[PDB]
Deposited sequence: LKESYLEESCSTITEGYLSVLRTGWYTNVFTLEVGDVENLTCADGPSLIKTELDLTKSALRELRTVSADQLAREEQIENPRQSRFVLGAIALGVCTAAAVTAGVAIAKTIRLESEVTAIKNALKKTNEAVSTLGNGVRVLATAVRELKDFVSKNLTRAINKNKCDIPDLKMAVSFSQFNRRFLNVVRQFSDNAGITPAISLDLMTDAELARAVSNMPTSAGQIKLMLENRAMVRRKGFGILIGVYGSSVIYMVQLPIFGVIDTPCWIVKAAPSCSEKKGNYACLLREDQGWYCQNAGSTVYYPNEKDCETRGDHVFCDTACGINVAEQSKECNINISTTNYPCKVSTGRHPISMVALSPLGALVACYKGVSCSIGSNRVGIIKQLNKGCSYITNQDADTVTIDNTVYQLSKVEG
């Protein structure tokens, strides 16, 4: 929210952004039931809702096919992909031997119960048990003697009410071959994401932030298919865990440094251009700039791609050939005119005799710029016009 100009290196630093760092994963195990429609009074009489049960049967068939084909590829964010391997590994342990049998026994009366694992990692298990409450209790005697769909008019519509979830989730799993990079509203719904995150191994600090940004919590969580066991669907979903909630963080945006006299445009050029954050008194650097997303003030980051840089690297802001920490900066004359879109302003460097000036879109081209790097903010100007490539500036103020 507060940017300063580093005229020594033609760089800007913005220092008003807190951060939230992801640390772990909170596994949840889902157990949905499809009822008893595998073989229940089909016969051969065409009807309207009979064409809805065969859809459920085909959903079961495709859910079995995709589950069988899931264990065929296992023949021995990019930085977040290291977590996909862990999610695959944890699913393999649960799906084998009789761990599911113990899991199923754990929820034989209660829809929610925390269950352990063979490796001791705590895992949460949930069961909906809603479809069986209608297909077995409110549908069994209605369809009798194969005389289908005639002695009712309201329950015909209500059958599609308790059918959307299974169809949607089986379509998703068949399309994505088991791995779902997004937690859709079909797999997990509301009252199962404020309840299945409030049992995470963290403190009261980050849980409130997760409850407020459940949207991006969904955005960063992925699920996998465990398998089909009898008339039941088994699958699990991974939830991100945020270790810290509020640590100082800042951005660095670089550009060509300067020019030199006697017609020799020879200066330096920084290639730092990232974010920094602190975890345990040791600032960590993300080598890429497309690694974190700003949501107001806070910054959301994952502690699986950042690089820890040794302290005393603090004085990369002062570039006087410092001896303590050699900041990694590329060398080369190679003048390239460019404009760096800084958050609260703009950084401009044009050298090769190209006209550069600012424009507020109402006063016109006023205050023509100079050859050297100058700082233009989004209040003294609104655009930085070069040729016909007018650049806009953000409306956020700080």
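> Which parts of the deposited chain sequence are absent from the coordinates, listed in sequence order?
Missing CA coords only at 77 to 92.
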